[PDB]
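Just so you know, ligand 1 is whichever comes first in the structure, and atom 1 is the first atom listed for that ligand. Residue numbers count from 1 along this sequence. These values consider heavy atoms only, across backbone and side chains, with no hydrogens, waters or symmetry-generated copies.
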Amino acid sequence: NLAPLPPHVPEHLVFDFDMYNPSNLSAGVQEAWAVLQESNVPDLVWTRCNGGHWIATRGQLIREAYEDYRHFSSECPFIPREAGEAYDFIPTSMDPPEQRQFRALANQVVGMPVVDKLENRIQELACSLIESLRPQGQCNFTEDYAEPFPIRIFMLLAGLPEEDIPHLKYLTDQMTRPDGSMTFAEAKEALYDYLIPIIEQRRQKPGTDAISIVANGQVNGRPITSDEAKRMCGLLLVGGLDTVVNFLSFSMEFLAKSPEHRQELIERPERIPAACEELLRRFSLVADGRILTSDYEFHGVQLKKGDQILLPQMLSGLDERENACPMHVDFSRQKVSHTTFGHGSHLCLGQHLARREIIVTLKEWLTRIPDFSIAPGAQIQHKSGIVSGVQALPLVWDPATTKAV
Ligand code: HEM
Ligand SMILES: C1C2CC3CC1CC(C2)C3
């Protein structure tokens, strides 16, 4: 189900890629997408699926398209068009200089100094969840630690009910990983039927939570709108529940498989941070785009005002001209080049929380369960979307070999 090639597209620039169902998914999602970088693929190519759109395939274009906010605007950053358009999260769907102010607020809530505040609850929870799991010698990493871990921290952050979890999550999921049960605009609505009443309540009688600062936030001398609030808190929900959740499963499936990687981390912990960056470069997962405010010629391709362009942040680090032996994990690379936290004026704000949640889990799980592996006969399945994932990750271990701490 492909749409007619638009006039301006040289059919030799065609390359039918389906972000919602890449071919080789069975072999893995980063591998699925890494096709785009074979020798036989143009640096910039046009795909006819999800209604036809450019996709830039190399480290350097993405970096370039990202810094160039002018012809490449965030206005509509989600393929397909309707969602992108129907998406209004702030600061996301906004170019600077507008953005600068909405962003500075979000940075208030999730930023650096919020992260030192939270560290202990993080570690406290990291230990507590692991130790619970320990003695069973089998979890469901995705439902068992992956889902739980990060969410409860955000629920802690935003002061919202755990009970809410399963609902917002489905909503978050449909948004990044469209099933077909509900369209983006419908998705965006129910997440909004939710937040709204909450934002009301924090306007009248404030709290210390992320949302409380957000409803009461200051933007360009004036007091933030209700809508701008609904809209900021919307982004936090999704970035909240959706990126960290998935990343942990790929990193963990990776460890379940490479006992020399567990070993290395375990004996030379001065390496968790480097290890941390290398894993983000490799188990990268986001893929949104931009929009052409006008006609423009990018690396000789005539870009026509209105066209969408995917700029997968996945691809930047999996690119040979950037990372020798891209698909191979090496905690001692000299230079880890990636753009998992995006790039440009829209650099990811929760990079600190995300990183901090990732080191905690590596340091803590290796401490208690140094040795685990994939459940005999289980086939892991990934999912591609605006943010990619793992269907479930059954693990198994020998209690006898763990350690409480
Ligand atoms: C697994 C770790 C994470 C990854 C890979 C990730 C990925 C991304 C990427 C690629 C962007 C750039 C958007 C663009 O340029 O279109 C972004 C921005 C953003 N993310 Fe993260 N994210 C992660 C964790 C989080 C967390 C924990 C939060 C906080 C709940 C969060 C909230 C945000 C926000 C608010 C922005 C927008 C900043 C702006 O538009 O100036 N993300 N994220
Ligand atoms: C908005 C932006 C694109 C996708 C979905 C959501 C969180 C993060 C940044 C990845």
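- Classification of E278 and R281 as a salt-bridged pair holds, one side-chain N sitting under 4.0 Å from a carboxylate O.
- Of the listed options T243, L353, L237, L157, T243 places a heavy atom closest to atom 23 (C) of ligand 1.
- With ligand atoms numbered from 1 in the order given, ligand 1 contributes 5 (C) to contacts under 4.0 Å with heavy atoms of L285.
- Only one option out of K335, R355, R333, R271 pairs with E277 in a salt bridge (charged side-chain N to carboxylate O under 4.0 Å, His left out); it is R355.
- Ligand 1 has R290 within reach: a non-hydrogen atom of the residue lies less than 4.0 Å from it.
- Within 6.0 Å of atom CG in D193, more than 12 heavy atoms from other residues, nucleotides or ligands are found, so the atom counts as buried in its surroundings.
- Remark: among candidates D242, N246, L241, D288, the nearest residue to atom 14 (C) of ligand 1 is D288, based on non-hydrogen atoms.
- Judged by the 6.0 Å distance and 45° axis criteria, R262 is not positioned over the aromatic ring of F254.
- Looking at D307, its side chain does come within 3.5 Å of a backbone N or O of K304 through a donor-acceptor pair.
- In this structure, a donor-acceptor pair under 3.5 Å is present between the side chains of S337 and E322.
- Taking 4.5 Å as the limit, every side-chain heavy atom of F331 sits out of range of all side-chain heavy atoms of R268.
- Scanning all protein heavy atoms for the shortest distance to atom 6 (C) of ligand 2 gives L235 CD1, 3.9 Å.
- A salt bridge links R321 to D43: one of the charged nitrogens lies within less than 4.0 Å of a carboxylate oxygen.
- Per-residue contacts place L349 under 4.0 angstrom from the following atoms of ligand 1 (heavy atoms of the residue considered): 35 (C), 38 (C).
- Residue contacts with ligand 2, taken as heavy atom pairs separated by less than 4.0 Å, involve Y87 solely via side-chain atoms from C-beta onward.
- Protein non-hydrogen atoms do not reach within 4.0 Å of atom 9 (C) of ligand 2.
- Using a 4.0 Å cut-off between heavy atoms, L235 contacts ligand 1 through its side chain alone, with no backbone atom that close.
- Among all non-hydrogen protein atoms, the one lying nearest atom 5 (C) of ligand 2 is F78 CZ, 3.6 Å.
- Counting only heavy atoms of the protein, atom 37 (C) of ligand 1 lies nearest to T92 CG2, 3.4 Å.
- Between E364 and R368 there is a salt bridge, since a side-chain N of the basic residue sits under 4.0 Å from a carboxylate O of the acidic one.
- Considering each of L236, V286, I153, the one bringing a non-hydrogen atom nearest atom 30 (C) of ligand 1 is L236.
- With a 6.0 Å radius and a threshold of 12 heavy atoms from other residues, nucleotides or ligands, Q379 has its CD atom at or below the threshold.
- Those atoms of ligand 2 with a heavy atom of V286 less than 4.0 angstrom away are 10 (C).
- The closest side-chain heavy-atom distance from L395 to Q138 is not below 4.5 Å.
- Between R48 and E11 no salt bridge is recorded (no basic side-chain N to carboxylate O distance below 4.0 Å).
- Here the heavy atom of the protein found nearest to atom 40 (O) of ligand 1 is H346 ND1, 2.6 Å.
- When only non-hydrogen protein atoms are considered, atom 26 (C) of ligand 1 lies nearest to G239 O, 3.8 Å.
- Remark: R282 engages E31 in a salt bridge, criterion side-chain N to carboxylate O under 4.0 Å.
- When non-hydrogen atoms are compared, ligand 1 lies under 4.0 Å from the side chain of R103 (C-beta onward) but not from its backbone.
- Aromatic ring orientation, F89 versus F184: tilted (interplanar angle from 30° to 60°).
- Of the protein's non-hydrogen atoms, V110 CG1, 4.2 Å is the one closest to atom 29 (C) of ligand 1.
- Under 4.0 angstrom from ligand 1, the non-hydrogen atoms of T340 come from both its backbone and its side chain.
- Taking every non-hydrogen atom of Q313 and a distance limit under 4.0 Å, the qualifying atoms of ligand 1 come out as 10 (C).
- In this structure, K230 pairs ionically with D227, as a charged nitrogen and a carboxylate oxygen lie closer than 4.0 Å.
- Close contacts between ligand 1 and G240 involve ligand atoms 30 (C) [criterion: under 4.0 Å to a heavy atom].
- Look at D242 and you'll find every heavy atom at least 4.0 Å from all atoms of ligand 2.
- Ion pairing between a basic and an acidic side chain is recognised when a charged N comes within 4.0 Å of a carboxylate O; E228 and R231 show no such pairing.
- Considering only non-hydrogen atoms, atom 19 (C) of ligand 1 lies nearest to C348 out of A106, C348, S345.
- Using a 4.0 Å cut-off to heavy atoms of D288, the atoms of ligand 2 that qualify are 3 (C).
- In this structure, atom 1 (C) of ligand 2 has protein heavy atoms in its sub-4.0 angstrom surroundings.
- Atoms of ligand 2 lying under 4.0 Å from any heavy atom of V387, numbered from 1 in the order shown and given with element: 4 (C), 10 (C).
- Set against the non-hydrogen atoms of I386, the atoms of ligand 2 under 4.0 Å away are 4 (C).
- Looking only at heavy atoms of the protein, atom 2 (C) of ligand 1 is closest to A354 CB, 3.4 Å.
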